[PDB]
RNA sequence: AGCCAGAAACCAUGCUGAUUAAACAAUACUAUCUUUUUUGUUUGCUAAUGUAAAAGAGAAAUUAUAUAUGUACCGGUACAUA
RNA sequence: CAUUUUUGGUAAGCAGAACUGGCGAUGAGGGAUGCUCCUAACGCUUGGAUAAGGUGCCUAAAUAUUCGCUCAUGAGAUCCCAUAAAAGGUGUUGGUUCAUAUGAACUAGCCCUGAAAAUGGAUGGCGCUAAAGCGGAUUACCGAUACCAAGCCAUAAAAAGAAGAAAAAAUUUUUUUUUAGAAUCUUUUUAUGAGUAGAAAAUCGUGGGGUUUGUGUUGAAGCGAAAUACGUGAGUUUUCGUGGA
RNA sequence: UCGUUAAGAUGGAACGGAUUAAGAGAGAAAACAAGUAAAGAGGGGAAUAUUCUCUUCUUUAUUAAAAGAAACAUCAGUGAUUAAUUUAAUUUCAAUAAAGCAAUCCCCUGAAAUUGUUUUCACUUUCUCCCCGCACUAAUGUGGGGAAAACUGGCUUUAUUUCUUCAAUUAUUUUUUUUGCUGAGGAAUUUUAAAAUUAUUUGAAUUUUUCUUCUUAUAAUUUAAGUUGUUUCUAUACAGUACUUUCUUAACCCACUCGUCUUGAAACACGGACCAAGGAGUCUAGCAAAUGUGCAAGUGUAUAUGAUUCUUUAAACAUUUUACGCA
C-alpha cells in the first residue's frame, strides 16, 4: 500500500492504467476519461479499474522528490554545472538522452567536481 | 430555562419546513448537539423537527464536560469564522469582552442556566459535533415516548446519559 | 528531582539528547526541547528476592533470580552459575516472568543476604556493553569456519568487564550454592525449565 | 453528512487581480495595494480597487464636472481614478489641482496654462499617502451607449431602452407596437 | 398416545448403461533391480526439493436420557458401582 | 417512481391530477437477488464507535438470556415482494356471559379445512420443532466511504508579510554542514470536496513561424524491450537493443 | 498475424479491482563509512621559461561517524478495557444478644357499614400434640376434623456493625488496572508570556493541611510550548539466495459487452471479427457583448500619392490645415 521513506510519503505506487485496456486490443494503457453513459467508472461501481484523483497528489514539502533526497535536473551541456554547484545539496544531475560520450564523460567528471552523483552514471560506457 | 437538543437523523430526503428549521437551529450535521433557550416558539420549532432530534435538560456535569471535551468556537470576522478548539480563555474573552463574559466558567454558567448573556455565547460557540453513542440505540426511528423501545424526542434528564454515551 | 502534580512524584533523569534536524531556514537544531526524561517506575511484581523465568534468551525457560535494577530500567538476573552454568544476564521486565516464589525460603539463605546485596550493588550497565574495538576485532576475522566462531568466543572471554562480571557471578553462586544444594527438591525446581503443554491455562495460572 | 447552504463556500465575485500585462499599471497597483493594506483609511483601498476595474468602469471624467465639484473645495486636491477630458463647451478654467489616471494633452496644457497642477498617482502617493484633505472623484457609469440599450424589452409597456436597430432608415422600426395606428403601442 | 390390514400410485427387486465413480476389487506375468546404511538437494536439460498445516498433532465402554454398567442367580430376577 | 390526498376506468406494473420527497444526473451498506424501499449522499489514508441491519451454517457476531404460544399425511419464517377471502372446525390456548366442578352459550389467539397448473424448483439454499417458528422482553456482540479524532491533497475563505547565527566534528582556536524575501509569491489557519446535459479555468501533446541557446554521425531522431525514475493525470524524463540522419 | 525455445497455468469461459504470496528477473543514484598515512595518474595558482605552492581521480589500510529499520521505555493526543471512589439526595436494609408485646393475631394484606373520618372480622407457623380414615399419601407419610406454641414471622425497646450488614438508584466527584492506535511541526522574539510542579521567600486564609489555598520575591524544570531517549540490527556490505523494485501466477473478498439513443440496456434494444494509418463546430461576411490596447469631441487614413524603398521589401516608412465612414 502506502510508501513511506523518511519524511517522504508517497500515497500510491500503482499507476492508474486505463479501463479494460486488455479487453479491447485497440485500447492503450495510458488514462483516458470515459464520456460514456453507464461506463462503470464515472458511474462509480466498485471493483473496476480505479479513476486517478487529485487526492493522491504529493505533499508540498516532497512534491517532485526522489528517494535520492535530491530534485532531479536534466543536463545536456557542461555549462549547466554553474547553477548546479549552488544547489547541489538539494538537486541531483541526470544526463540527457542525446549526449555524446566524450561530452558525457566530461560532464560526469564535472559532476564529481561539484560533488553530486549522476543518477544514470553508468550510461554510454 | 434551557434545553439541549441532539440531532439523530441523516440529511437525505428532508421535508422543506424541516430543512428551514434545521438551518435556523444549526443542527446541520447528524450528530450535532446545541443549547436552546426554552420559549414557546422555540418549543414549536423543536416539535416540527422532533422525529429527527432527541432533547432534554442537560445537568451541570454534562454542560461542563461537553464544553470542556468538545468545545470549539468561531474565531474569525463576522461570517468569516473558523473552527478552533478553545484551550485558552483570552481568545473568547476578546469577542465576549464587550458583553462582559470573559472566561469559560462564565460560558458554562450561562449555558447551564440562561441569564442576561445567553444568545451571544450560544451563537459564538461552534455547534457541538458529537461521536456516535459508544453502546448504540434500541432503534433509531422510534420515539423515546413510544411503548415500543425508541429514542427520539424528549429524553429530559436522561439526555445526559446519552450525551455521556456519545462523548 | 520529581514532579508531584496530582500526587504522582514522577522522578526525573536528565535526557541525553542526540537527534539533530536541519531547521526552518538557517542551520540545524537538536530535536528534543525537553531536558528531563522520566524514570521508568517498574511494576510492583518485579523484585530482587524473586525467581523469574527468562522467556526468550539463549538460556530461555530457566528460573533465574533478580540482582540489581539498573538506571536504564533493565535489571540483572542469574540462573545460578554453579547450578546451571548460566551467565549473570541483563534483561527487561518485559522479557522476564517474575514469580511469587522467593529465594530466601530459609534462615541460612537469609543470613547470607548482605553479602549477596554487596555483590549485587557493585554491578553496572557499562560492564554489559559490547565494546566497539572488540566487536570490530571479532568482525575483522571474516575476510575452518567453525574455528573462527570459537575464536570469537575466546575474544569475548578475554574482556576485563566480562571477567569482572564473571567474578561477581561466581561469588554469588559460591555464596548461595550450599544452602540451595542441600534441599534437593528446591535445587531440582531451580534446575528445571519452564514448560508449556496441554492444560497450561495461562489466564488462571499463578506465578 | 453536514447540510450546507452554498456548500459552505463564500463565492463572491469581481476582479481577482489586474488582467493587463501593462508593466506601469501592474507596478502602480502593487504600490496602491501596499498602501491599502497597511494604511488605516478606506481611501487607499477604494483607489486600489478602482485602479483594478475594467475599461467600461474606467470612464473619462469631464474637466468641467471636476471644476464644478471643486469650487466648494477650493484649495483641495482632486484625485480621479479615470481619464480627464477637455471641454470645448468650456470658456475658461478657474485653476485646479488634479490627479488622474490619464490626461488628454489639450486638458493638461490648459491646466498648466491655468496655473493648476497635474499629478500622477505615484506623485500623489508620495505627497498624500494618508489621503487627508484629498477628494476622491469618478466619472459617469451609465453614460455609455451599451447601457442606453439595457433595461426593459423594446415595445413592452413603460420601456425606454434603445433598440439594437437594423439601420438608420425612415421606414424601419416605427410601425407595429411603436405607434397606436399600426397594431398597438407600448 | 399406541396399533392393524389395505391401490394400476411409491421404493426396492428385476432388466439396460455405468471415461454417468476425474471410481474400484481380485488374479497373471514382467521392466540389471529391490532392500538397509552414509553423505548431498544455497545444447532444452543431464547431481538433486517438495509439502494446507509437527510443537505432548497423548487418550477406542455403552443402550441411554422419566436412569445406566458390572456381578450373582433363571432375555427376566436379585445385589453392588457411575 | 414513491408516500399521502385523488379523477376516470371492472380492474390494471392502466390513463389522468395535487403536495412533497426521490431517481433522472448516484456511488456506498442493508432489503437472499433487484435504477427507485430503508439507512445514507462520496478527495486520499489510519484508528475508533455506531446506523440501517443483523448474530444455526453458507456468511461476520449468541446454537445468548427470558416469558408465552405453536407439530402441520404439501406447517411457518424481514416493508415494497411475487397470492388469498367469505365461510367452517368436540385440534389446542386464553378470555367473557350464564347455569347448576361439572353442563351450556359466546369470544379471539395460534393451528387446521376452505386452498387447483403447466422444464425440476424454490422461507435465498442447506436446514430448523427444548426453533434457527410465531408474539414479546433482556443484554452483549457484529455491522458503512454516514459519525468523531488524526495525517496528506486540492478548492474556497481568512490571517500575515514588499533582515540574523544554529548545530556537530576536531584540538579558546581549527574542520564539517546550512544561512528564505520571485504578489497568479511565501508562510500560516479554518472550512469545503456528488454529478449527466452544460459553462469556466488550469494543464499536456502535434505541424509550422519569429525569437532566444543548444543538441549532431566519440550515432541523434526513429523504432522494440525496459527504468529502485518523476508527475493525481494527460504525460514527462531516462536505460539497454535496433538504427544511421 | 503466425513459427521456434524456455517458464508458468489449465474441473462449463476470459480478463479485472483491492491485498498479500511464492517464484522469476533487475538494480546501488539515499538505500553505510568523512577524514589520515603510503605511490600511481592528472591538473591548476603564485613568486622573479621555472623555482615556490594549491588542488581531483585511481590505487594499498586506517580510525571516524552518520542513516534507516527493529525493540523497549518515556511523554503528549486519542480509544478500548476492570477495578473502583466523594459528599449529598431518594418511604432501603440486614444481622448481633439481651428485653418486652399480641394469637387467626399482628408489619402487612383482604371483606364490610357532596366532602373527612373512623369502627367491625378475615388472615401465622409447626420436622408440636390429639380425634376420625388407621398407611387411607406424590412423599422420610397421608384425606378429613380439632387443638398447642410464638420456636417462625411481626411490632415496641436498649445497646452493637469487619459475626453479618451498610443495598440500590440518582447527584456532584475523585481515582485506578491492563492495554490499542498516533507523532504533523520545526518557534532570526507567540516554543513568547503567564500557568503547573519542585526547592526556596513574604504576607494572609480556611474545609487545617507529608499533593491546604491564595499573592510577595528567587531559581530551576514540564503536566506549559504538536516524541524523544536508549540498545540492537542492516554491517564491519559493495550486490548475494539478503535488501529495493518490476514482471508472474496464486489465494481470500469484490467484479455482467462497450459505445449508443432512450425515463430506463447485462439484455431477447441498435453498432462493433481484428489491427494500422487517415477521419468530423470550420472559414468568410456583417453584428453584439466581453476584455485588453491607442487616442478623445473626435476618430480611422479610404482610394492614392511620396520616397537616397528594393535578395529577404508581396513590408516598412512618409502624406506641403474644411474628402468620406461612424460618433
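Please treat every number below as a calculation from the coordinates, not as lab data. Neighbour counts are summed over all protein chains in view; Cβ atoms, including those assigned to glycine, are modelled from backbone coordinates with ideal geometry.
Just a few scattered comments:
- Test: residue in region B:40-51 that is within 11 Å of another protein chain (Cβ to nearest Cβ) and not in a loop (DSSP other than H, G, I, E, B): no
- Among residues of region A:109-125, those that are in a helix (DSSP H, G or I), out of contact with any strand residue (DSSP E or B) (no Cβ under 6 Å at 6 or more places or on another chain) and surrounded by 13 or more Cβ atoms within 10 Å (Cβ to Cβ), counted: 1
- The set of residues in region C:33-55 that are surrounded by 13 or more Cβ atoms within 10 Å (Cβ to Cβ) and in a loop (DSSP other than H, G, I, E, B) comprises C:39, C:40, C:42, C:45, C:46, C:47, C:48, C:49, C:55.
- Considered as a group, the residues in region B:1-39 that are farther than 22 Å from residue B:73 by Cα, assigned to a loop (DSSP other than H, G, I, E, B) and within 11 Å of chain D (Cβ to nearest Cβ) include one that is nearest to RNA strand G (Cβ to nearest atom), and that residue is B:12.
- Of the residues making up region D:138-163, those that are over 29 Å from residue D:64 (Cα atoms) and either surrounded by 12 or more Cβ atoms within 10 Å (Cβ to Cβ) or under 16 Å from the mean Cα position of the chain (by Cα) (or both) are D:152, D:154, D:155, D:159, D:163.
- Qualifying residue in region C:187-194 (condition: within 16 Å of RNA strand E (Cβ to nearest atom) and either exposed (fewer than 11 other Cβ atoms within 10 Å of the Cβ) or within 25 Å of residue C:134 (Cβ to Cβ) (or both)): no
- For region C:126-166, a residue qualifies if it is loosely packed, with under 13 Cβ neighbours inside 10 Å, within 20 Å of residue C:79 (Cα to Cα) and under 17 Å from the mean Cα position of the chain (by Cα), and exactly one does: C:163.
- In summary, strands (runs of 3 or more DSSP E) completely within region A:1-84 and bearing 1 or more residues that are surrounded by 14 or more Cβ atoms within 10 Å (Cβ to Cβ) occur at A:8-10, A:71-75.
- Pairs meeting the criteria (first residue in region A:1-28 and within 17 Å of residue A:67 (Cα to Cα) and within 14 Å of chain C (Cβ to nearest Cβ), second residue near RNA strand G (Cβ under 6 Å from one of its atoms) and in a loop (DSSP other than H, G, I, E, B), beta carbons under 9 Å, at least 6 apart or on different chains) are A:6/A:67; A:6/A:69; A:7/A:61.
- Only one entry of D:10, D:2 meets the criterion of being in contact with a strand residue (DSSP E or B) (Cβ under 9 Å, 6 or more places away or on another chain), more than 20 Å from residue D:99 (Cβ to Cβ) and within 14 Å of chain B (Cβ to nearest Cβ), and that entry is D:2.
- Check on residue B:60, buried (at least 20 other Cβ atoms within 10 Å of the Cβ) and in contact with a helix residue (DSSP H, G or I) (Cβ under 7 Å, 6 or more places away or on another chain): no
- Residue ID - nearest to RNA strand F (Cβ to nearest atom), chosen from residues in region D:79-119 that are in a loop (DSSP other than H, G, I, E, B) and under 19 Å from residue D:138 (Cβ atoms): D:104
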